[PDB]
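Engineer: just dropping in an experimental structure and the matching sequence.
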Amino acid sequence: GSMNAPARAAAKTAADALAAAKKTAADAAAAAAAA
């Protein structure tokens, strides 16, 4: 039974990788206006 805050901290890197991936994806897409 681990649905608490400290239990969610283990999934940090997972959501962290996605945060970077999502940022960069849109980042590159945003700079695709002059293409």
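Structural biologist: Structure's in. What do you need? Numbering: from 1, shown residues only.

Engineer: middle-most residue in this structure, spatially?
Structural biologist: Ranked by distance to the mean C-alpha position of the chain (CA atoms, centre = their mean), the top residue is residue 19 at 1.5 Å.

Engineer: now do the phi/psi pair for it.
Structural biologist: The phi/psi pair for residue 19 (degrees, to the nearest 10) reads phi -60, psi -50.

Engineer: residue 31 now?
Structural biologist: Main-chain dihedrals, residue 31, degrees, to the nearest 10: phi -90, psi 10.

Engineer: again with residue 4
Structural biologist: phi -80, psi -180.

Engineer: tally of neighbours for it?
Structural biologist: Using other CB atoms under 10 Å, residue 4 has 8 neighbouring residues. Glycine gets a C-beta too; all of them are placed from N, C-alpha and C.

Engineer: next one: it from residue 22, what distance?
Structural biologist: Taken as CB to CB, to the nearest Å, the spacing of residue 4 relative to residue 22 amounts to 26 Å.

Engineer: repeat for residue 12
Structural biologist: Shown here: residue 12 relative to residue 22, a distance of 15 Å by CB to CB.

Engineer: then residue 35?
Structural biologist: 20 Å.

Engineer: with neighbour numbers in mind, choose between these two.
Structural biologist: For residue 35 and residue 22, the more surrounded residue by other CB under 10 Å is residue 22, and the numbers stand at 11 against 5.

Engineer: lovely, talk soon.
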